[PDB]
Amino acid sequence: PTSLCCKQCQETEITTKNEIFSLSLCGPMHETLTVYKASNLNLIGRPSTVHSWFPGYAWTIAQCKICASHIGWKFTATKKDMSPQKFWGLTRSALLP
């Protein structure tokens, strides 16, 4: 009901609408849903900064633990002074609803 599940298998809650936050800037200074917390995702490989959509963070591929759908990435901060130190960037179209 606040629940966002893997679209492919519909078994797993991946996150909730409660966890949604926005790193995008609201002044003169979408497709990716960023959430503080998520569940039921397996991380693949190791963090990389190449082409990172969120400068300062590295990414690790995250897939649904049940059906292996590529749902998004775990983003991890490269510096200790950043907040959050970690979040999830989730492909909206890989989630239901």
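One-based numbering along the sequence shown. Note that the rigid core is defined as the largest set of C-alphas that superpose within 1.5 Å between two forms.
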*Comparing C-alpha positions in 6 other deposited structures of this protein against this form, with the rigid core used for the fit, which stretch differs more, 16-24 or 70-78?*
16-24
*Go through the other compared entries with residues on either side of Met29 and state whether a third or more give it no coordinates.*
yes
*Would you mind checking whether any residues of the deposited sequence sit unmodelled between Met29 and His30, and how many (none, 1 to 3, 4 to 9, 10 or more)?*
10 or more
*For the C-alpha atoms alone, is the average B factor greater in 33-41 or in 46-54, going by the entry?*
46-54
*According to the deposited model, is the average Cα temperature factor higher in 86-94 or in 4-12?*
4-12
